[PDB]
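K.L.:
give me the fold of what follows.
(2 chains)
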Amino acid sequence: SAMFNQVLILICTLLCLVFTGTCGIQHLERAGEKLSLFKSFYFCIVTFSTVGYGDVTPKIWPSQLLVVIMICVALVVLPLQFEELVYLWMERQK
Amino acid sequence: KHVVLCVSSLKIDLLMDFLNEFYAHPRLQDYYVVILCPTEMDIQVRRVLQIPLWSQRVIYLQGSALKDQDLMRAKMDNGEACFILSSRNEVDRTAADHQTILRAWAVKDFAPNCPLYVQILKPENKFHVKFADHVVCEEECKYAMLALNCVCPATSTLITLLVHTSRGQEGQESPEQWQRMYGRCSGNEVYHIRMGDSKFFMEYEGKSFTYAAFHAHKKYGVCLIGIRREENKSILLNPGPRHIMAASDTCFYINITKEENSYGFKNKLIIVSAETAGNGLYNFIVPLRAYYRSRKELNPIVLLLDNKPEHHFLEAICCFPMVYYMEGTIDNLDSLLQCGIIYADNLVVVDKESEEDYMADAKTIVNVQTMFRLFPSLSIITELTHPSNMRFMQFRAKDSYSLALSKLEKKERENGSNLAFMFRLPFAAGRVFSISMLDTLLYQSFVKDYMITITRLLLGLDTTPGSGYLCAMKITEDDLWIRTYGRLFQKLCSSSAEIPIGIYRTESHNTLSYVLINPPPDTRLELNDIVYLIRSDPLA
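P.N.:
Numbering: from 1, shown residues only, chains lettered A, B, ... in the order given. Shown next is the protein structure:
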């Protein structure tokens, strides 16, 4: 089942990115302005959902960039997998 | 609960009528219908799989019968039924056969438990799968039916409507008188009761075969046919007046509903055309001059083909008396005149040509139609494939009945669709008949094992020694000594052994036609009419 396979890849990647985001915001903002993990989950899923509320964001030199870098990579990485998911839907139709 | 069906080329037709036919059974409906084909779905048929009802009751998959992988894919072992089918319209008649029989092996191999159902075009090849559960043999039956059409009229329509299930849904339209009665008796059908007793079985345990069908018409209106002894499981048609019934013995009977639920010449001549001779026509001719048939009334028969008669045909037919060769198609007035179509009576044509689908039946419609106008005193018969095109046959510039039939047939196909094709003029005249109409027989067979065998014995074809012939008798002015159909039945079988089934009628607008199957035995009879009776006296 390829449909299944890429569904998995999507989920895996999402999970990975969420994890990287939690782990990303965890050690940094924990210094200057302390934030709970749920705030991170929020931010991550707020970034990959393309929402961007902005209640709390990075105020620090590296902190923004790191989030940014992860997004930029994600924004390339995001469609790769959606693109993938599309390819199978085309195979299923065939 | 997975049912299997396999075919080389699907088309709206075969599918449709299968489906519509298959879920007609209340008992077995829920099943996963499995389709196996090599080629992709067309843009039309792939549309009928998308409809809200047939979506999840129909599984379609792409693949063949030979590879073992795709057989697995269908879950055969689990599956409760296996159907193989043959394409009708093809370039080569002899190749299709190979395709099918082959499939048979592979399926039998894979799972030698499940029942197996299949079609076979040429008679010659019948011999190869004798091992299978049930097999429908095309040509033999085709030529047979049409052959018996030359003794009594509308042999065809009778049998067809027998093997088609209906509730009498179609008799309540009350447009007119006849049709009201005509359709009413359509839903009429054959059924199975043997065991124990029931509303009809006990009435006579100890009296003869005959006395049964007398008083069956009195209470219910059921009329039995034949009794399988429990011994050899051989089916009989109209066992003689000597045979008796038991408490455990088989009753086959007809009713509208199941028992539980309630060179110059002499005589008229006939002329046949076909594309090629084959072991096909050997069996065309059997019923014509049989044993039971007299040497007075024989109908010498002329064979008109396109291609010169092949060698085997000659050794095969030289036995019989009375036939000849003439050549050419039905085009030339002259090619037909040499034979004496004028002296002759009934016309027989079975032909075909190897884009759009129904269309391929054209080549014949045409050649025929001319004849309708050349000889208004003449009677002809015909074979199409697509059971849509029927009414497109004998048509006149102006007819009120013939045209006003259109609205009536639509008005049937929209309520629920089993037989849309009954009411049409020529069809009920027997001048028309088709191939895939008996195909229904096969589908329906899955629920009834006595459905196929019964048929052949009716025609000709299979005779195990105890048996009977289907004959007809015209009605005339001394028979009018009888009032009606019931008063008839009881004065009929008190002399010889014969059972009626249906009748035949004619009125004016030459003239119109009817068939009424197992009519209530209260119904009257005109001067020109015909009835279908079974007579067995080969053996004492």
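
K.L.:
can you pull out the helices in the stretch 401-540 of chain B?
P.N.:
Assigned by DSSP state H, counting those that start in this stretch, the stretch 401-540 of chain B shows helices spanning B:425-428, B:436-445, B:451-459, B:485-492.

K.L.:
out of the ones you listed, nearest to residue B:365?
P.N.:
Among the helices of the stretch 401-540 of chain B, the nearest to residue B:365 by CB to CB is helix B:425-428 (11.3 Å). Where you see a C-beta, it was placed from the backbone N, CA and C, and this is true even at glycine.

K.L.:
and that closest one, what does it pack onto?
P.N.:
Under the contact criterion of 3 or more CB pairs under 8 Å, 6 or more residues apart in numbering or on different chains; DSSP states H and E, helix B:425-428 touches helix B:400-413.

K.L.:
strands along the stretch 101-250 of chain B, start to end?
P.N.:
Using DSSP state E, counting those that start in this stretch, the strands of the stretch 101-250 of chain B run over residues B:117-120, B:134-137, B:189-193, B:223-224.

K.L.:
so which helix or strand takes in the residue of chain B most remote from its centre?
P.N.:
Here chain B reaches farthest from its C-alpha mean at residue B:69, the gap being 37.5 Å by CA atoms, centre = their mean. Using DSSP states H and E, residue B:69 sits in helix B:68-73.

K.L.:
show me what that helix is packed up against.
P.N.:
Using 3+ CB pairs under 8 Å, 6+ apart, helix B:68-73 sits against helix B:93-110.

K.L.:
okay, domains of chain B per the record?
P.N.:
Chain B breaks down by automatic domain parsing into domains covering B:2-132, B:146-163+B:263-441, B:189-255+B:463-535.

K.L.:
quick one: closest of these to residue A:77.
P.N.:
Checked against CB to CB, the stretch from the domains of chain B lying closest is domain B:2-132, at 35.3 Å.

K.L.:
off-centre distance for that closest one?
P.N.:
22 Å (CA atoms, centre = their mean, to the nearest Å).

K.L.:
span of that domain from start to end?
P.N.:
Taking CA to CA, to the nearest Å, domain B:2-132 runs 20 Å from one end to the other.

K.L.:
ok, which stretches of chain A are helices?
P.N.:
A:2-32, A:37-48, A:61-93 (DSSP state H).

K.L.:
no wait, the stretch 151-300 of chain B
P.N.:
Using DSSP H, counting those that start in this stretch, helices in the stretch 151-300 of chain B cover B:155-162, B:178-184, B:209-219, B:279-285.

K.L.:
which helices and strands does the last one pack with?
P.N.:
If contacts are counted by 3+ CB pairs under 8 Å, 6+ apart, helix B:279-285 sits against helix B:138-148, strand B:270-274, helix B:311-317.

K.L.:
which residues are in contact with the longest one?
P.N.:
Among residues not part of helix B:138-148, those counted as contacts by CB atoms under 8 Å, 6 or more residues apart in numbering or on different chains are B:119-123, B:126, B:155-156, B:159, B:278-281, B:283-288, B:348, B:350, B:381, B:383, B:433, B:435, B:438, B:455-456, B:459-461, B:470.

K.L.:
dump the helices of chain A to JSON lines, plus mean neighbour count and distance to residue B:149.
P.N.:
JSON lines is the format used below for the helices of chain A (neighbours: other CB atoms under 10 Å in any protein chain shown; distance: least, CB to CB, whole Å):
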{"stretch": "helix A:2-32", "mean neighbour count": "14", "distance to residue B:149": "57"}
{"stretch": "helix A:37-48", "mean neighbour count": "17", "distance to residue B:149": "77"}
{"stretch": "helix A:61-93", "mean neighbour count": "13", "distance to residue B:149": "50"}
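
K.L.:
of these, which approaches residue B:179 most closely?
P.N.:
Of those, nearest to residue B:179 by CB to CB is helix A:61-93, at 48.5 Å.

K.L.:
give me the number of residues near residue B:77?
P.N.:
If you count neighbours by other CB atoms under 10 Å in any protein chain shown, residue B:77 ends up with 12.

K.L.:
swap in residue B:390?
P.N.:
Residue B:390, neighbours per other CB under 10 Å, totals 22.

K.L.:
same question for residue B:423.
P.N.:
Neighbour number of residue B:423 under other CB under 10 Å is 23.

K.L.:
dump the helices and strands packed on helix B:279-285 to JSON lines, plus distance to residue B:18.
P.N.:
Below are the helices and strands packed on helix B:279-285 laid out as JSON lines (distance: least, CB to CB, whole Å):
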{"stretch": "helix B:138-148", "distance to residue B:18": "17"}
{"stretch": "strand B:270-274", "distance to residue B:18": "28"}
{"stretch": "helix B:311-317", "distance to residue B:18": "35"}
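
K.L.:
most packed of these?
P.N.:
Burial of the helices and strands packed on helix B:279-285 is given as mean neighbour count (mean count of other CB atoms under 10 Å in any protein chain shown); helix B:138-148 ranks first at a mean of 23.

K.L.:
please work out the angle formed by the directions of that one and helix B:451-459.
P.N.:
40 degrees (axes from the mean of the first three to the mean of the last three CA atoms, to 10 degrees).

K.L.:
mind putting the helices of chain A in a markdown table, distance to residue B:8 included?
P.N.:
Below are those laid out as a markdown table (distance: least, CB to CB, whole Å):
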| stretch | distance to residue B:8 |
| --- | --- |
| helix A:2-32 | 30 |
| helix A:37-48 | 51 |
| helix A:61-93 | 24 |
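
K.L.:
where's the residue nearest to residue B:280 when sequence neighbours are not counted relative to residue B:320, distance?
P.N.:
Spatial nearest neighbour of residue B:280, excluding adjacent residues (CB to CB, 6 or more residues apart in numbering or on different chains): residue B:139 at 4.2 Å. Between residue B:139 and residue B:320 the computed distance is 19 Å (CB to CB, to the nearest Å).
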